[PDB]
Structures are given as C-alpha cells and as structure tokens.
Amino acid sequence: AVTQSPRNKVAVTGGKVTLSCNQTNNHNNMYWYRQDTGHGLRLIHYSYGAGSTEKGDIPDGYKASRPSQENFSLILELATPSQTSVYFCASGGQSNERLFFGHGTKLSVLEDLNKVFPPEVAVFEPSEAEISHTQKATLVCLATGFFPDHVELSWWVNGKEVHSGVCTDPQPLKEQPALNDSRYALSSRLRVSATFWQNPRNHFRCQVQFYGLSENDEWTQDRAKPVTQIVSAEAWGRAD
C-alpha cells in the first residue's frame, strides 16, 4: 500500500529533510499530513496526479514533488524546530474515497545537536508486599534522561515480545518541565502472576529503542556518540 521513508529521523535546525512516500495502490491522489500532540491532522501538501503539487493548509516551510504516480516527496529545505511532528503520507483513489495512510514518520528537529542523550534503562523487580497480598508481581521499567522524545519501549519475556500485562506511559515526561529542551523519562509496567515471577527459568528484558545521530552524521564531543541505539535492562525470575 503506502510506504514512507524514513520511519524515524532526527535533524538539526538548518538541515534538509526529505520524506519519501511510495504508494502501490494505483491511486492518483497523494497527501502529506502532520499530526502534533496538539491533536488534529493538519494537511501540508497534496497532489492529484503525477507532476502535480498543491498547497495544503500549512504549506510554509515545506515543499513537495510528485515525479511519478507512485512517489510523493516532502522536502524541508531549511529545517526548523516547528517541523518536529509526526508526518503521515496518504493516498486515495478519489477525493471522495477512503484515504490509505502510511505508518507515519516521527521527526525531531533540534536547536543544538549536542543536547542528545541516550536513555538509561533500569528494571525494578516486584515488591514482596504486592506478591503476598495480590498473588501478582508487577515489574517496572524506567527509561530516563534521554533526548529527544524519539523512544520506543517493548517488553521481552524469554526472547519473545510480550504484550499481555504490559502498560507503558503514553507520552514521556520532562525531567525538568520548567527548563527548555529538558530530558525526558518513560516508565512501563509488566504485571505477571507471582508464580511466573518466582520461576527462575523466566527471563524478563525491558528493551528501549532510541533514535539519535545518523551514520552520515558525526559527533566529535567529549562523551560517546549518542547514535540511534537500543538500551535494554534484564531481570530473572526469583524463587526467593
């Protein structure tokens, strides 16, 4: 159907960001929306055929190109912190027919690239009071001190991703809400039965996917390069 590229992107103010969209639905119309946490689907650019580009609702700062029917590009000539949003490409057979959205691309444009930091992931094993009272065991994960907001957390039990009993905060929170461009923190919960946590053969791993510096970009600062990486923390079941 509709395929966007890339899926996640981090850039600095003044760079060039080219969002690619390939549709294979034989649709003449393609659209570029952005979706900010201040909710709503705001239309940027769109096109009714190959070689056509139309200004949507918020065209300023963006440029679109429709070289073929299959591809519809969104070009950020001079990147700005305002461009930080979630961008959706959508195709459609007719303006009065269903839209088919791509899976969205999360973009983070930053004023200073030296403020990027990976998350520090920690797993906290369940409390003894919860196990004896509720006969259930809640593990807790913490991804702390990371920047920007690009973060994806998942739970892995015995090498396979679990979803049942998982609860992640919908949005990461600022460590200092008063400070501008503060670091973020994310908490997630995995609740299992007390028997399951008491089995020493059960392997719990909280995996946090971070998006940062690209391969073409360079760091050259004091610490290590905060490139896009996975930071994980593990815990084993304990009979005691």
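The numbering used is simple: start at 1 and walk along the sequence shown.
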Quiz item: Got a sec? Mean C-alpha B-factor, which is higher, 179-187 or 201-209?
Solution: 179-187
Quiz item: Mean C-alpha B factor from the entry: is it higher for 18-26 or for 223-231?
Solution: 223-231
Quiz item: If you check the C-alpha B-factor for each of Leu110, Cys89, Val162, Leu99 in the entry, which is highest?
Solution: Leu110
Quiz prompt | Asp57, C-alpha B-factor rank within chain (lowest, middle or highest third) | solution = lowest
Quiz item: Can you tell me which third, lowest, middle or highest, the CA B-factor of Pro81 falls into for its chain?
Solution: highest
Self-check item: CA B-factor placement of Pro118, once the chain's modelled residues are sorted into thirds
Solution: highest
Quiz item: Mind checking which third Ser68 falls in for C-alpha B-factor across the chain?
Solution: middle
Self-check item: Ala129, C-alpha B-factor rank within chain (lowest, middle or highest third)
Solution: highest
